[PDB]
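Enquirer:
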Amino acid sequence: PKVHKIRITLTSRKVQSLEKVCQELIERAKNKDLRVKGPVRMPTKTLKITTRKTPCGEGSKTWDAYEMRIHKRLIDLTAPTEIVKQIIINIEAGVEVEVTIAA
Amino acid sequence: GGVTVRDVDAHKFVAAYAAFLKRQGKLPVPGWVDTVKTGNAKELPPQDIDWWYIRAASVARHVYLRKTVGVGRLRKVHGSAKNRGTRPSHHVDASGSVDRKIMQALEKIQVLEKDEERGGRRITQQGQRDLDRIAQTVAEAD
Amino acid sequence: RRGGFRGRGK
Amino acid sequence: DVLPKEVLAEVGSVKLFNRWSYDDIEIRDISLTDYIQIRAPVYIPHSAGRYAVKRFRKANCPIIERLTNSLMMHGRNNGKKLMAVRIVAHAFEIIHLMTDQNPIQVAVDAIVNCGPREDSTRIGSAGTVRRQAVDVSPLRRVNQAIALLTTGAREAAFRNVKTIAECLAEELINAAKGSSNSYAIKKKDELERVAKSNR
Amino acid sequence: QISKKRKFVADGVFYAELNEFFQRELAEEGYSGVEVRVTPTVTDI
Amino acid sequence: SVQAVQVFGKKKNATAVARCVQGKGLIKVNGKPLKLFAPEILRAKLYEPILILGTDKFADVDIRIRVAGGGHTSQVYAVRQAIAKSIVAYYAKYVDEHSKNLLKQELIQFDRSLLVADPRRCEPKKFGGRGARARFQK
Amino acid sequence: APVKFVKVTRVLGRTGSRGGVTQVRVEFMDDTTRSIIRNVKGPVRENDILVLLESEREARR
Amino acid sequence: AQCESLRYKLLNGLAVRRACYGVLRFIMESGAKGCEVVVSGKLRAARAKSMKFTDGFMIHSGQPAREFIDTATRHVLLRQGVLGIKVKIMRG
Amino acid sequence: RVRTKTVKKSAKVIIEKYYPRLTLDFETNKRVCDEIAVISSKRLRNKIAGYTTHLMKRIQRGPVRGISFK
Amino acid sequence: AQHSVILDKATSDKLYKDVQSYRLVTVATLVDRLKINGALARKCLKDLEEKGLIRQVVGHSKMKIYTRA
RNA sequence: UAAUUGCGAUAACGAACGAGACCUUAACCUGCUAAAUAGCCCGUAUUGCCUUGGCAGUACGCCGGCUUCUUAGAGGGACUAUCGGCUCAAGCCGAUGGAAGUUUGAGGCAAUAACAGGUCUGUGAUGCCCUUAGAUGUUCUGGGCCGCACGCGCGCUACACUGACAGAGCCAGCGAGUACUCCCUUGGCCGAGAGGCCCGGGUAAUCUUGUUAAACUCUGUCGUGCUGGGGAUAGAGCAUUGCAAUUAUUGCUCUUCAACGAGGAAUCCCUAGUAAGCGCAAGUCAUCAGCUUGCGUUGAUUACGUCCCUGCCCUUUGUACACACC
Ligand SMILES: [Mg+2]
Ligand SMILES: [Mg+2]
Ligand SMILES: [Mg+2]
Ligand SMILES: [Mg+2]
Ligand SMILES: [Mg+2]
Ligand SMILES: [Mg+2]
Ligand SMILES: [Mg+2]
Numbered sequence: 014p015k016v017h018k019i020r021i022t023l024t025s026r027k028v029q030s031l032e033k034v035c036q037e038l039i040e041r042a043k044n045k046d047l048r049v050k051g052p053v054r055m056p057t058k059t060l061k062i063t064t065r066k067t068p069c070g071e072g073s074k075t076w077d078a079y080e081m082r083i084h085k086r087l088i089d090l091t092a093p094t095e096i097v098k099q100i101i102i103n104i105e106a107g108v109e110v111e112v113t114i115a116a
Numbered sequence: 003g004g005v006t007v008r009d010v011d012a013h014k015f016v017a018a019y020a021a022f023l024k025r026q027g028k029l030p031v032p033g034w035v036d037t038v039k040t041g042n043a044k045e046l047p048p049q050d051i052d053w054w055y056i057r058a059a060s061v062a063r064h065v066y067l068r069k070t071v072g073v074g075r076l077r078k079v080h081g082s083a084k085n086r087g088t089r090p091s092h093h094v095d096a097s098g099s100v101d102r103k104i105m106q107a108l109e110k111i112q113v114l115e116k117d118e119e120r121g122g123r124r125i126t127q128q129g130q131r132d133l134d135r136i137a138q139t140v141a142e143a144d
Numbered sequence: 089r090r091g092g093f094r095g096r097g098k
Numbered sequence: 014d015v016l017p018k019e020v021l022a023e024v025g026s027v028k029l030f031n032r033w034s035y036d037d038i039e040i041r042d043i044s045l046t047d048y049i050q051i052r053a054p055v056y057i058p059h060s061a062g063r064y065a066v067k068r069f070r071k072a073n074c075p076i077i078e079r080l081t082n083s084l085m086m087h088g089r090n091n092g093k094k095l096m097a098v099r100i101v102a103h104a105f106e107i108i109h110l111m112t113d114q115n116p117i118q119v120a121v122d123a124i125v126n127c128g129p130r131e132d133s134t135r136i137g138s139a140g141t142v143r144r145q146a147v148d149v150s151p152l153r154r155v156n157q158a159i160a161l162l163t164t165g166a167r168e169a170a171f172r173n174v175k176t177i178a179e180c181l182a183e184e185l186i187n188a189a190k191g192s193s194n195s196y197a198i199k200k201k202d203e204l205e206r207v208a209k210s211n212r
Numbered sequence: 007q008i009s010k011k012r013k014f015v016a017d018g019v020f021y022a023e024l025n026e027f028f029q030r031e032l033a034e035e036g037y038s039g040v041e042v043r044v045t046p047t048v049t050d051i
Numbered sequence: 003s004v005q006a007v008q009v010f011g012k013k014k015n016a017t018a019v020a021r022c023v024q025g026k027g028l029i030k031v032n033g034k035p036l037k038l039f040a041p042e043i044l045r046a047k048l049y050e051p052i053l054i055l056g057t058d059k060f061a062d063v064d065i066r067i068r069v070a071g072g073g074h075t076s077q078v079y080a081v082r083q084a085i086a087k088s089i090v091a092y093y094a095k096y097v098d099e100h101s102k103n104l105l106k107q108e109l110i111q112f113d114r115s116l117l118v119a120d121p122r123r124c125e126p127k128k129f130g131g132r133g134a135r136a137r138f139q140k
Numbered sequence: 006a007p008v009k010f011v012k013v014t015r016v017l018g019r020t021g022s023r024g025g026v027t028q029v030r031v032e033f034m035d036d037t038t039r040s041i042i043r044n045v046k047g048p049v050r051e052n053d054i055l056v057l058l059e060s061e062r063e064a065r066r
Numbered sequence: 103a104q105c106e107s108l109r110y111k112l113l114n115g116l117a118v119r120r121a122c123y124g125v126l127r128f129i130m131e132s133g134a135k136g137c138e139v140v141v142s143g144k145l146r147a148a149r150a151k152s153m154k155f156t157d158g159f160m161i162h163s164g165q166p167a168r169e170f171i172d173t174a175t176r177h178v179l180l181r182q183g184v185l186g187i188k189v190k191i192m193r194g
Numbered sequence: 003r004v005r006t007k008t009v010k011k012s013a014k015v016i017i018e019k020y021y022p023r024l025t026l027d028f029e030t031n032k033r034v035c036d037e038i039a040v041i042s043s044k045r046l047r048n049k050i051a052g053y054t055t056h057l058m059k060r061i062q063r064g065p066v067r068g069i070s071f072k
Numbered sequence: 025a026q027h028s029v030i031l032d033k034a035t036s037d038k039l040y041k042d043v044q045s046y047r048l049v050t051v052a053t054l055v056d057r058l059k060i061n062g063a064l065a066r067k068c069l070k071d072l073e074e075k076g077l078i079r080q081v082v083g084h085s086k087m088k089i090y091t092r093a
């Protein structure tokens with residue numbers, strides 16, 4: 014049983030499901046008497062695309078801007094390698110998780 | 003009290019350090035003077051004769067304030083606008099050989115040394131003492 | 089000299 | 014120590030502009046006060062005020078700053094207050110040497126004297142003008158006086174060996190009295206003459 | 007091994023591919039939208 | 003322990019963070035003294051918050067400020083805005099406010115902007131600032 | 006010329022073809038009883054002071 | 103789904119109005135507070151026109167039109183040409 | 003600055019149903035309205051509290067037609 | 025229109041008897057009435073400043089002004 | 001009243017769209033939850049000057065402490081609150097407090113009925129007609145879409161001293177970046193210049209990047225002359241991209257040194273971080289921005305009105321018009 018100081022990164026477009034995923038994860042880790050590090054607040058990634066609105070070029074000239082936003086909300090922990098497998102279970106749709114042992 | 007570079011005006015200080023470097027009068031010159039453009043955007047050489055010495059003094063002044071700097075960074079530090087003709091102007095950098103060699107010569111005068119551990123050139127122990135000594139020469143000159 | 093259309097009168 | 018020895022001279026006395034005082038203001042006429050604001054001195058004209066939000070908010074605003082704004086015109090010189098402020102300071106220094114009186118003493122009399130009192134209004138007459146020769150409000154009077162003074166300097170200095178630093182100074186000293194050889198006076202009396210005709 | 011920003015567009019196009027194909031195939035069976043859940047080494051529809 | 007207070011000032015895009023520590027009457031900006039960091043004609047626009055209050059009230063106060071972002075006039079407006087909060091927070095927190103209230107009233111009657119910032123930024127549009135392109139035949 | 010000083014006491018709407026002119030009731034500040042009606046080109050507030058070259062002429066309404 | 107049901111009923115020989123009318127009743131028993139069906143194309147003439155049928159409530163302006171409204175559109179091929187269908191349903 | 007019918011109706015019904023528990027102070031009505039009502043907007047809650055506190059200022063000084071409370 | 029690039033005795037005598045009565049001396053004044061080039065006017069400011077006849081009021085890289093002593 | 005927004009009178013009563021509501025974003029939090037891919041205090045080692053006890057820099061700490069400054073979550077905050085002078089009411093005007101008092105600012109979405117408006121050259125959306133093996137399908141070579149006595153539009157650089165040139169001083173924000181093949185690029189060396197070679201970092205708050213941009217500031221040269229303002233036109237030479245550069249793709253050096261003195265009748269845009277001045281990022285892209293979409297720096301004069309011209313809305317009124325004053 015050797016601690017490896019794991020760190021896991023998350024990504025999603027919506028914010029409430031991701032927040033409640035971390036919100037439920039934190040008590041599952043604190044109650045086991047595990048040293049937990051806070052939910053750091055990463056910058057939001059905003060993406061925009063501009064294209065001509067009309068499909069033929071006739072009439073007046075007007076533009077529209079589509080957009081998309083992404084958040085990470087990464088969290089890390091100090092724990093052995095096998096214990097973290099059972100602590101990241103029961104995740105809902107949309108949110109993808111990537112694990113890094115950081116050994 | 004004690005003074006340093008930050009305590010003196012930049013314009014008169016660099017002129018004073020150029021006058022001090024007059025008295026030593028020993029910096030190699032590969033003959034580039036009176037022929038170079040000092041920058042692609044530019045068109046005329048500097049009028050004053052010792053531009054090679056005033057520029058080196060200012061370069062040693064700013065390296066005293068910066069932790070790591072290279073030729074690429076100074077390339078755009080000394081660049082300016084260029085009259086492209088009837089098109090709108092832009093920003094382009096100065097000449098590379100002049101700025102590279104004017105500070106390549108400045109290491110062997112024992113002012114600053116190489117920084118191969120991470121890159122660039124940094125100031126040396128006794129090198130900073132040269133720019134420090136002229137601070138007292140100017141401070142009570144008031 | 090000038091066109092007479094556009095229904096301008098007198 | 015932390016302050017320059019120059020400003021240490023003025024810190025002991027009452028607050029004023031370092032080079033020139035704001036005391037001993039003219040007693041010459043009325044109806045121009047309450048619209049020229051001199052009760053609050055300022056060191057440099059430059060300030061990021063809120064004077065362009067309401068109707069008469071600009072009435073309580075330093076006149077010198079108004080001159081600085083009007084000094085920068087004709088496309089190229091927009092927003093260059095650093096360039097304008099030196100010009101105003103230099104003009105105030107230049108006018109001091111040709112006359113021992115205070116430079117603001119001359120400038121104030123220049124503005125209070127170079128303001129037109131009548132103007133011609135445009136009333137339609139189906140191709141003709143029924144100019145009724147109405148009077149001019151004091152705020153509009155100072156507004157046009159500033160414009161005439163600044164445009165005189167720009168026109169005179171255009172394509173001439175002289176510089177705007179003293180070009181601005183010479184109208185102010187000329188306009189202090191009834192010199193009648195200035196551009197501003199040419200327009201002020203010309204406008205009054207046409208109002209007299211169009212009464 | 008691709009960046010997250012391009013990943014979030016690629017999987018969106020993957021959803022578009024599934025959605026567009028299903029109109030052209032299962033229109034008779036009263037198709038009305040889908041939703042995809044991605045899991046490691048196995049996916050469900 | 004050591005007496006100190008931290009304040010900040012803002013401009014369009016100029017942030018000027020300041021630290022006021024009980025010292026001996028030394029004032030330096032960005033490390034360098036006040037002789038250097040400003041344009042020459044605007045050098046007047048830095049010293050008024052000091053002179054209007056008096057040097058005698060700066061007996062044992064030291065201020066260090068770091069400023070970045072914006073433009074030349076933005077830094078001098080940010081640092082001049084930061085000075086008022088540094089001096090009023092240090093006096094309010096650490097000494098009797100009998101001084102503080104007279105300083106605050108006297109300074110704000112000269113200029114209200116010393117304690118509050120002026121919000122001004124740009125507005126996006128699909129033709130430029132506020133003007134459209136030229137029209138052919140109206 | 007005997008130029009006279011007058012002060013405005015009340016503003017009564019904005020007249021004129023283009024709204025430049027305003028019609029006001031003025032007070033002569035030398036005989037407080039007297040009051041007439043005049044027209045002004047620029048912005049006017051209450052208690053403003055105007056300079057009048059000739060007073061006999063009167064405006065419409 | 104109703105849009106496909108309408109497409110199938112109109113693809114087989116049937117009056118356009120009867121197919122559209124049946125949808126409004128089929129919507130109403132489910133509990134929708136309003137509905138709207140739009141049909142466009144060549145209505146038995148050389149010139150083309152369109153018809154709209156509406157019942158219940160309706161919204162057009164705010165972003166609630168983006169979620170509270172379910173919309174769909176389909177194209178149907180006939181012997182002579184193409185007909186367009188648009189259906190909107192608001193669910194509470 | 004004119005208030006629409008939704009606020010007019012909500013203010014009248016709240017005032018006539020619950021007269022005594024709320025007073026001329028705007029701050030109190032701000033917390034009174036949202037506890038005893040289901041409102042989906044914060045500014046709209048402010049709209050109701052601001053107009054509703056205006057009514058009791060003029061009711062306190064003479065009755066007004068169109069409003070009746072217990 | 026054209027000015028003089030060289031300074032002779034016919035113009036030299038004008039200085040040492042007129043600048044004692046001038047209230048202001050500038051490049052514009054010299055190019056105006058002395059009919060001399062601007063470069064020579066600038067030379068005249070610096071050569072005569074050290075002779076102890078005019079005093080500095082304000083100094084600048086674009087315009088300089090001098091007065092009586 | 002910005003509004004069929006309301007107060008109310010009422011042969012009408014009660015309802016459905018639009019407006020508002022609503023959503024994103026820009027402004028306030030020394031209060032909550034926090035953070036080595038963001039900072040501060042503190043502690044060590046170490047450097048210089050006064051030497052003081054100090055001032056200005058370096059490298060380290062990973063449970064030494066903290067989150068004001070950077071960041072995004074949960075919430076609070078403006079409601080016209082208070083006051084004065086009008087009115088029965090809706091409302092309007094001024095002042096104080098307050099980050100904020102035009103609906104706080106700017107946007108997204110946005111009704112019925114319509115146009116012989118545009119698009120078959122976006123679509124494996126499509127009726128009918130036509131050519132379908134001497135093909136209007138597909139494919140390969142070369143040329144053209146840019147060819148010039150002339151009239152018209154959207155822009156760029158200027159006609160200079162409120163300028164040009166030369167040294168020095170030195171301040172942003174929004175964004176982009178590595179494949180089954182090299183994408184943004186630090187550092188070192190060579191090279192007048194454009195470029196070339198060699199280690200290395202970054203699938204990215206970690207590296208490029210503090211993108212230390214331009215304008216601007218200080219000190220000098222030139223001196224009103226279409227001159228050192230202005231750079232059209234053309235000759236010679238050196239390079240990168242690509243299969244291919246001639247009618248040069250573009251870049252650099254020397255030389256050639258045109259027109260242009262604020263512009264007629266006419267005419268466009270605009271109300272505060274707004275106009276104008278100046279640059280940066282992205283799009284098309286192997287290379288080329290004088291184009292467009294956004295971002296930031298410096299930052300103004302005058303009005304707070306009216307229906308006179310060119311137009312819009314409601315009511316009364318006239319008509320020989322209904323393809324509707326063309
Ligand atoms: Mg609605
Ligand atoms: Mg709306
Ligand atoms: Mg509409
Ligand atoms: Mg020439
Ligand atoms: Mg590009
Ligand atoms: Mg008739
Ligand atoms: Mg009729």
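These protein sequences, in sequence, are chains X, E, D, L, H, S, F, G, B and C. Residue numbering for the first sequence follows the entry's author numbering, beginning at 14 and increasing consecutively. Residue numbering for the second sequence follows the entry's author numbering, beginning at 3 and increasing consecutively. Residue numbering for the third sequence follows the entry's author numbering, beginning at 89 and increasing consecutively. Residue numbering for the fourth sequence follows the entry's author numbering, beginning at 14 and increasing consecutively. Residue numbering for the fifth sequence follows the entry's author numbering, beginning at 7 and increasing consecutively. Residue numbering for the sixth sequence follows the entry's author numbering, beginning at 3 and increasing consecutively. Residue numbering for the seventh sequence follows the entry's author numbering, beginning at 6 and increasing consecutively. Residue numbering for the eighth sequence follows the entry's author numbering, beginning at 103 and increasing consecutively. Residue numbering for the ninth sequence follows the entry's author numbering, beginning at 3 and increasing consecutively. Residue numbering for the tenth sequence follows the entry's author numbering, beginning at 25 and increasing consecutively. The beta carbon of each residue, even a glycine, is placed where N, CA and C say it ideally should be.
I'd like to confirm something about G/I161: is its beta-carbon nearer than 7 angstroms to some heavy atom of ligand 1, or not?
Expert: Residue numbering aside, residue 161 of chain G sits at position 59 when the eighth sequence is read from its first letter. Because some heavy atom of ligand 1 lies under 7 angstroms away, the Cβ of G/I161 counts as near it: yes.
Enquirer: If we cut at 8 angstroms on Cβ distances, does C/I89 have a partner in chain L?
Expert: Translated into positions along the tenth sequence, residue 89 of chain C becomes position 65. By this cut-off, C/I89 is an interface position.
Enquirer: Candidates F/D53, F/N44, F/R23, F/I41: which alpha carbon is nearest L/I43's?
Expert: Translated into the one-based positions of the fourth sequence, residue 43 of chain L becomes position 30. The shortest C-alpha separation from L/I43 is found at F/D53.
Enquirer: If the cut-off is 7 angstroms on Cβ atoms, which residues from the stretch 7-18 of chain H count as contacting chain X, listed in chain order?
Expert: The residues in question are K10, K11, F14.
Enquirer: Could you tell me the boundaries of the beta strand (DSSP E) in which G/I191 lies?
Expert: Residue 191 of chain G sits at position 89 when you count from the first residue of the eighth sequence. Note, G/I191: beta strand (DSSP E), 184-192.
Enquirer: Compute the Euclidean distance between the alpha carbons of E/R57 and E/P48, then round it to the nearest angstrom.
Expert: In the second sequence, the residue the question calls residue 57 of chain E occupies position 55. In the second sequence, the residue the question calls residue 48 of chain E occupies position 46. Cα to Cα, the separation comes out at about 11 angstroms.
Enquirer: Out of curiosity, what's the CA-to-CA distance linking C/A52 and L/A53?
Expert: By 1-based counting over the tenth sequence, the position of residue 52 of chain C is 28. By 1-based counting over the fourth sequence, the position of residue 53 of chain L is 40. Going by the C-alpha atoms only, they are around 36 angstroms apart.
Enquirer: Show which residues of chain E have a CB atom less than 8 angstroms away from the CB atom of S/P41.
Expert: As a first step, residue 41 of chain S must be located in the sixth sequence, where it is residue number 39. Near S/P41 there are no residues of chain E at all, since even the closest Cβ is about 13 angstroms away, more than 8 angstroms.
Enquirer: Quick check: the Cα distance between X/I39 and B/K44, rounded to an integer number of angstroms?
Expert: By one-based count along the first sequence, residue 39 of chain X stands at place 26. By one-based count along the ninth sequence, residue 44 of chain B stands at place 42. Cα to Cα, the separation comes out at about 31 angstroms.
Enquirer: Since E/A20 contacts E/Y55 with CB under 8 angstroms, what's their CB separation in whole angstroms?
Expert: Here the question's residue 20 of chain E lines up with position 18 in the second sequence. Here the question's residue 55 of chain E lines up with position 53 in the second sequence. 6 angstroms between Cβ atoms; contact.
Enquirer: Using a Cβ cut-off of 8 angstroms, pull out every chain S residue sitting near E/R8, in sequence order please.
Expert: Taking the second sequence and counting its residues from 1, the one referred to as residue 8 of chain E is at position 6. Going along chain S in sequence order, the residues near E/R8 (Cβ under 8 angstroms) are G33, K34, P35, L38.
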